[PDB]
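Q: Sending over a structure as structure tokens; questions will come in a sec.
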Amino acid sequence: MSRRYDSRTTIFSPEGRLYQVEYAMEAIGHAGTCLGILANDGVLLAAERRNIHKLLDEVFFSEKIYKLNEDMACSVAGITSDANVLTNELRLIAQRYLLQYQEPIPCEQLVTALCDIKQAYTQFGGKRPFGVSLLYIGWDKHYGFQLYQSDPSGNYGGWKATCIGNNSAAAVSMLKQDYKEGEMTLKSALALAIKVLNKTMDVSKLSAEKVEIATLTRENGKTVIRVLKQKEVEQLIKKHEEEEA
Amino acid sequence: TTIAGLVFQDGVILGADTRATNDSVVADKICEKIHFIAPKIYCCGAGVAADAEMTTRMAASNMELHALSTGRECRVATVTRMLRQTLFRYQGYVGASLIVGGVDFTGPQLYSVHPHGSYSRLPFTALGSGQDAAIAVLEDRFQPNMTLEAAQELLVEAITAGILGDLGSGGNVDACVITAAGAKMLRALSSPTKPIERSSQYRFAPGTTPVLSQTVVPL
Amino acid sequence: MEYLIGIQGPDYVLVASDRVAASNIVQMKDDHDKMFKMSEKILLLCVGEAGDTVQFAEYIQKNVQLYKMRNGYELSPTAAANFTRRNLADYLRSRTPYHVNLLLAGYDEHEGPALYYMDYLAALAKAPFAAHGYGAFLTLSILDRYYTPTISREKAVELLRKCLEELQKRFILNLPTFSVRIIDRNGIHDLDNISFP
Amino acid sequence: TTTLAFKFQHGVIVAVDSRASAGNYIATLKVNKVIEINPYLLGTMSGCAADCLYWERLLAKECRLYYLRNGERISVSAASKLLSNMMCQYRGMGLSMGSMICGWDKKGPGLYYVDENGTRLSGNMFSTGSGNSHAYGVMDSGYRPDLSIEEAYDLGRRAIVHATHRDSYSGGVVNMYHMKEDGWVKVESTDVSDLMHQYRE
Amino acid sequence: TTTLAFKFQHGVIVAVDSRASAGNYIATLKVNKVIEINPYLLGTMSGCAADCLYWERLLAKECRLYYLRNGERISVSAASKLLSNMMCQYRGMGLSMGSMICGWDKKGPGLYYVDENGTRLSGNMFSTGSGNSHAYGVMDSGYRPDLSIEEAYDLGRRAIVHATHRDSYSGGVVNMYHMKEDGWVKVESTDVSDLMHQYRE
Amino acid sequence: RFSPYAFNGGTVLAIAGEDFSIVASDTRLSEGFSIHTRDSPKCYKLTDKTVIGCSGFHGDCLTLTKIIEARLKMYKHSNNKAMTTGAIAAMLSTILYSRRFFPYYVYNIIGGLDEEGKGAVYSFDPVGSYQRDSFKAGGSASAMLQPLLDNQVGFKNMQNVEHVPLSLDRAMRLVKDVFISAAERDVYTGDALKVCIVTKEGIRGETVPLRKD
Amino acid sequence: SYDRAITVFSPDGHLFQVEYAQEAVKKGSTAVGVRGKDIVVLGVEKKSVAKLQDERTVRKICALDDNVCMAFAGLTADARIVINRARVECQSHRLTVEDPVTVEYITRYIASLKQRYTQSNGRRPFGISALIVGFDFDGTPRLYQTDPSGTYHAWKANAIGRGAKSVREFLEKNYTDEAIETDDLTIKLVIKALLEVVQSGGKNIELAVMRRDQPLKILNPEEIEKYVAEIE
Amino acid sequence: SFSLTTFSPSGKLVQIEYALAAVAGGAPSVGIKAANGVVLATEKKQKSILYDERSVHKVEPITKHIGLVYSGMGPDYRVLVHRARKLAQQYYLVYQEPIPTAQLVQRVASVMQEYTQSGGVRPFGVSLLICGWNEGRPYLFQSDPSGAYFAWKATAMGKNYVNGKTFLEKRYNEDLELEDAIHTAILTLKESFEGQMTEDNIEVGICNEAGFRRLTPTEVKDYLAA
Amino acid sequence: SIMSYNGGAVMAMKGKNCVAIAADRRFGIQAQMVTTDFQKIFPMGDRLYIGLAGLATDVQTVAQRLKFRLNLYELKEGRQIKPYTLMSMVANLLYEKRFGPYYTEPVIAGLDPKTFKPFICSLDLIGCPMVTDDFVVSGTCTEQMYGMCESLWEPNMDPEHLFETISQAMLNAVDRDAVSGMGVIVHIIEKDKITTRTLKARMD
């Protein structure tokens, strides 16, 4: 209750900015590289793996990639602590949608629902904001294949292709060049993402373990989400190796 | 529902039947009753099935950490106080009738918990709908500190009388022996009913069902 | 007791309702509008307790208008019925129970026409035709005979009048005037108000 | 329970379901609800089954004692009034019986109704039972006194089949009995479900 | 209790009796049942007297707070809806209030009704109270929207006088209030019995 | 106060064969949750060709049977002959109606052979309504016995299968096993079985064991 | 819970909090609106980059009702809370009153939220300022802007965002009785007001118009280039 | 009621940064997952003979098939003990089954997150190392105060944990029996520990098909014979 | 009582390597029938289904709270749920309502994801889980559905003998129930595939 221990996180800067919000995006700026691409025949989301050790297990699935629901999926860049609550809350929100409306949630509704929670904590409560930025993929009955991007300030927007974390501006610069809107399909976008991942990553010897790739597409009226096996990624490495050199 | 237990010289045995019924019909013939609390402490439920189920679940869960937090043996009297305070908190709304017995550092002890929460120490008793059949058998032939084999022959006949003397009690007899050296579980120790067979068999030939719509989804 | 009826055609949904609002031994308002517009192609028919009919249906009216304005597009007929059922189911165990009987009429650009039946216990079931009130016993039986998925609205309106004229014969309450509208790809189309000189 | 009767140019047609249930369990599917009183006179059943079997046989007793006495072949009007008066003395004691009396006389193929409280009515088209309101709809639609013999069977057939479809207490096989000047005759006995398969196609 | 109102070319006319009784004893003969809300807005009373006096003043409170806020001279439609919503929250607690709201707005001389259970209606002619059914008869007979100012007073006068004659709970002096665009005005206050002597001759 | 009725449980079955009629019921008599005795035969033999079952409140089952047996002698002394199975059924209908205001609480099942030698099964209700059917059931397990006899005896809901008229060898094994399955799930059925088969030569009784639980 | 006073007085009576909230309003994107005769026109610049960002989620022109729309400049996160809560209360008004919502009746509620949440315990002042424009009964248009301090005011022509004062200088001088006289003049004036703040603008400029009882209509970019095609 | 943990000018959390630096200097603890079992060997050091070794034990079981060790603050660990054990309780209440190690560590690590947000409270000063046995596959997990839980075949924690990790990196590989897992866990423990090694100085426990059990000082002395 | 408002029937029988579940299509209010298309079986995921009966208000409400816990459980786990795990989940959902309990009798049937093992179970209004080695049924006619499956069930039955047995048990037992009928949907859960069939039934 001592008012000396309060930093008053609601103080505006003389330029009209929030300190705790700006420090949140900086912590996200140190997170590993995560990107996604919206394509005609499907959506592609790939990311690197910064933790590399010979004794690691990783008997689970992906690292920064999560599944929101049957028709949607997400990636993660930021503090893994705040990511677990957001992943839980997103799933809770998407499920609370299934309560009332009993239909797959549109990709626009789930984004604005969490962002209303992010801005509430920066508005009041005295609790620190969230340090995680999230990308969203999926399909809906109205707009179809979708790719979105979220910021810890609660701001979001639609994207055909984007990147978050390390080497974000470098990947965005390449997306402004090679990416062809309304032309390249999911198959061509797969080879393009691998090209961007290899050039923007200064760490050499890209292996199926060091990177992760997940695909989501709709086939025969059913949303098909999968994560490429290390052998399948190694096959793509053999394809890109010939392309590269 | 006939549940009973008897304390003898070297330990305690808790008998129960295998049959559970819902109000018009037998729900399950082989359905088990006696639950797990501690290695040396076991209980069995009666009355409302789900209420006796969930109460022993909260009892086994609370006693589990008491064994993990203390690192020592569990007291049988500790189980009974947990059960009745839950009954007191709901003011007898829970219809769970529970019997608790086992062996502790002090020795073999058997207790009783009424759905209203009253607790009583006693060497032997019975609970459930067929309790009066087992109590009468255990009251006449009981002797202080009986031999393990003498107590086994008596309690099995007590559950047998509680079965044959009750409409809600049937099936096999599950007896669980608990001694100072250790506890041992005997599944379907007694089967008083031989006629497990039938006089005819029913088989159907393929194509005798009027199927209208058909589809196959591969996996 | 108020009456409702609806019919699902191949491309259309034909609904009708009684316009009479009565109290005690007298009919106070005979032109009363029981039809509430949820969306462009989505209508609503609400009858029940006199107090719960208007109050609870206006809650649904704006709650549907909440969704359409937030996301820029209205609920689908299937999405609308399932959200109205949870609204009625939440107040079932509250201290203010709602006695209402609802028919949801709507058209979709893909699945086409949809008609949904709902009771006061919030049990949602899709049916090609449904009706409420005591007059449902004297009408739906006629629909069992004459209904086919290929029927044309020209014959359906004629068969609808044949069902509603039974309310003036066997059914005791007068109910002089009925309101009839249709839903299709071109939107809400009003029909001649049934009048008995 | 669904029972209906209507009169027209060629006489009365009585149609009824076969099913009578107690609670959620169906007691018997094959129950014959139509009571046979006289060769040309035909009764029905509604409500309690035992109340109908008891009292309709007393009516058949009175109709036979009449024909044995004056030999005048008692009219449907006198039979309907005697049945109503017998229900008046016990009114309030819990007797619940519905019924409909059908037959032809010097006036014509009369159709009457007798309620549990003594209500006696006359008209062209009657129905009773738990599914009576479901019967009124199909029967009234497409009905005129000038309907022929074959056209009226299609009306009576679709009457029970479509009414028993919406009722949980109505079902079984359709029993339809036409009425003539000489006497009533059994027309057809057919399952409701078997006719449902022909209407869906 | 007999209260009635109807709208026509020249605006609304509200007519009511003066008598309110408790049991067999008449509490007061001179009770003024018409509630004065706004200069141009006029309420009524039905059922419990205290429930009307309490809630109609809350409506007059809401109408004043609105005109003090936006200065828009609240319409009769908004006043009738706010009165109905206040009766919805306490529904089931035993509050019994009838009422009718009368007034002119940009649309016209609206006439609305609010029941105890929250029923909100709109129409040309309304009446409430224990003698409402006795009012519906005389009012409907010889009524058209084209009635003049003087002809409508004779209709409203004969409405109360002949209705209170057949009701034991209705009587006193006739209070009739015409409605205009500027506001309602008191027309006449006359005993029912004094008018009975003119009608018998 | 005073409860005039109580449910005593039990089950009664009757099936009409081509030349024969079979009637069987259990021996278990229990009220509430307690067993009075494990042998209490409900099946009562009226005449050689007629056997009546009784399932319901036991006090009314005893008295109503003695009333029927009293009217059996009234008939035979008057008419110099035994009652037909159809005559006994229509008689008890008026007997059950005489109590219409305070009805007997019982479920009666009459079975046997008619003058043509064909089995006639007659199921009743406390108010006295009756009908003729090939097979009927009654008692606490009445809901259990009916579906099994619909498929096996009635050949219902089976497409393209040979329909053979009921045989006595199968009819016995069908009545035995439906009660073996009944004694499993019915708390009111078991402890013994008594089967009374009425044929053209005469009545033949049987005893089948059942579970004691 | 967290309970303490956030906004507090200074030696001069000014509120540093509210003043910094208005600074974030100034740094928002430029948005403008103008009252015509029977019509109203809203517009905002868009800062989309490299055809990447989708144009469906960017829209800052929102409709509170069929007869009432709005546009905002400020923090895009705080606007989504106010717009949603305004629509919940605006339709709750139509629950209380069968007649539609007058533009002044929704403005007083909106600005009241900026009043409460500024002085409320532990809360935060909003960093947005929006133009609520719509049509009252008889078809009379109304244009209202809110303030992070909670005040509101009526305007015949108004603008928000960066260079909002510069747009008003254009509006103040060029808005006369000749202005917004017909439809062609209202459309050109709103465009000409945005032509000064054009910086690499092109198609990026977004416009919308509402006419009498017709719902809010968005004017497609192709007709934008046609109306910008006539500058003489 | 105001959050004590805030974002630094560099974006890192300042409070949890000292939490990780606190567990880095705790008691040395090592573990190895090899073949069908996992070996847990920790350091219980007493400053004097008056101390009773049977009264306080550092290795504690969570349940039959799961056990846990720690390096860090004493008091904050017992708070983790009660809540993690109560979490396994509330697990067995709902699911009536033994808890999987992945779900146990997940919701317990979420408790560590709650105090990096809620105000007036410091984060935990304990880094938990969880062992579990489910469906025949052994589990070795590592959790720190930050709330992020990982998985390791073998690792080290406490004072001089970098050496223990590098030593197991060289020495430890696949195809090691539980007997070799104990003797390898002792060798890596001989490096971090200094001084004479007795059965009271080290507290060892294992988890196998028979569940998590703690080793008695008698059989530990048998393993002290190399 | 309240369970008799909407009626309904659910049947699940265990075969040798496979399991079959069946329920009727009828939905009605007391004497008033509504629709023929009602669905009493909802997918719980691969090789796991659940039946529901009783008041249809709680049938559709609990089905959403079970899918509430199902998806959250499947998204948190990396593996599919076992049919034994789901049984205890329904027990917690019904017991937390102990003062207000829902009206329904869920029936869970499926195959053990381990290899081939079939598993069945059913609960009650009080939320008591029960595991049987033969079959489980629930509804207002459940007394009728016993006798069919009691005699017809065998210790081991192939999909040929299993479908023929459960289908005849439905067609015969449901015809004697007034509130049940109007078609029967039968689901066959095998190890290789899953078969769905709609039987021809009387309309009555």
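Here, residue 1 is simply the first one shown, and the rest follow in order.
From the backbone N, Cα and C atoms, a Cβ is placed for every residue, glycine too.
Pasting the relevant annotations from Swiss-Prot:
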- F:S30: O-linked glycosylation site (CARBOHYD)
- F:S34: phosphoserine (MOD_RES)
- F:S40: phosphoserine (MOD_RES)
- F:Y122: phosphotyrosine (MOD_RES)
- F:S134: phosphoserine (MOD_RES)
- F:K176: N6-acetyllysine (MOD_RES)
- F:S181: O-linked glycosylation site (CARBOHYD)
Q: From the recorded positions F:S40, F:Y122, F:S134, F:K176, F:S181, pick the residue whose C-alpha lies nearest to the C-alpha of F:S30 (O-linked glycosylation site).
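A: Ranked by Cα distance from F:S30 (O-linked glycosylation site), first place goes to F:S40.
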Q: For F:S40 (phosphoserine), which DSSP three-state class applies?
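A: Once the DSSP labels are grouped into three classes, F:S40 (phosphoserine) ends up as coil.
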Q: Neighbour count, 10 Å Cβ-Cβ cut-off, for F:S34 (phosphoserine): what number do you get?
A: 13
Q: Can you give me the Cα-Cα distance between F:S40 (phosphoserine) and F:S34 (phosphoserine) in Å, rounded to a whole number?
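A: Rounded to a whole number, the Cα-Cα distance is 14 Å.
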Q: Look at the recorded positions F:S30, F:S40, F:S181 and tell me which residue has the greatest number of other C-beta atoms within 10 angstroms of its C-beta.
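A: Result of the Cβ crowding comparison: F:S181.
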Q: Sort out the sequence-distant neighbours of F:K176 (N6-acetyllysine) for me: same chain, 6+ apart, CB within less than 8 Å of its CB, listed by position.
A: F:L193, F:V195, F:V208
Q: Would you identify which of the modified residues F:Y122, F:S134 has the most other C-beta atoms lying within 10 angstroms of its C-beta?
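A: Result of the Cβ crowding comparison: F:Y122.
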Q: Going by DSSP, is F:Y122 (phosphotyrosine) sitting in a helix, a strand, or coil?
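A: In the DSSP reduction, F:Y122 (phosphotyrosine) maps to strand.
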Q: Can you tell me how far the Cα of F:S34 (phosphoserine) sits from the Cα of F:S181 (O-linked glycosylation site), in Å?
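A: Taking the Cα atoms only, F:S34 (phosphoserine) lies 22 Å from F:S181 (O-linked glycosylation site).
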Q: To the nearest whole angstrom, state the Cα distance for the pair F:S134 (phosphoserine) and F:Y122 (phosphotyrosine).
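A: With the alpha carbons as reference points, the distance is 9 Å.
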Q: Under DSSP, is F:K176 (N6-acetyllysine) part of a helix or a strand, or is it coil?
A: helix
Q: Given recorded positions F:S40, F:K176, F:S181, which are under 8 Å from chain I when comparing Cβ atoms?
A: F:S181
Q: Need the DSSP three-state call for F:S30 (O-linked glycosylation site) to compare against my parser.
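A: DSSP call for F:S30 (O-linked glycosylation site): strand.
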Q: Report, in sequence order, every one of the modified residues (F:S40, F:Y122, F:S134) having a CB within less than 8 angstroms of a CB belonging to chain B; if no such residue exists, report 'none'.
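A: Correct list: none.
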Q: Whole-number Å distance between the CA of F:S181 (O-linked glycosylation site) and the CA of F:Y122 (phosphotyrosine)?
A: 24
